[PDB]
Amino acid sequence: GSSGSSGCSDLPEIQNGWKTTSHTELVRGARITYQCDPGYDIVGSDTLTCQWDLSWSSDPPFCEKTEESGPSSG
């Protein structure tokens, strides 16, 4: 029984953000990192791991704008 072909499914492109992972081939244990634009915040789990069922713990997060005006409070 020598056969693999197991690995999570490529995550969908995220708006105002991009994923960054060390290993290209999504395999068990792999850790995904979600990064959004400077100034926004992530809602959910910033880090997503691949379960033994080839399914991420939960759906991917998203980027949300925060109530802020300008770089300095003022």
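Residue positions begin at 1 at the first shown residue.
Looks like solution NMR, at least that's what the header says.
Cβ from N, Cα, C; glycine included.
As annotated in Swiss-Prot, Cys8 shares a disulfide bond with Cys50, one of the listed residues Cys36, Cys50. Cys63 (disulfide bond) sits 22 Å from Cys8 (disulfide bond), taking the C-alpha atoms as the reference points.
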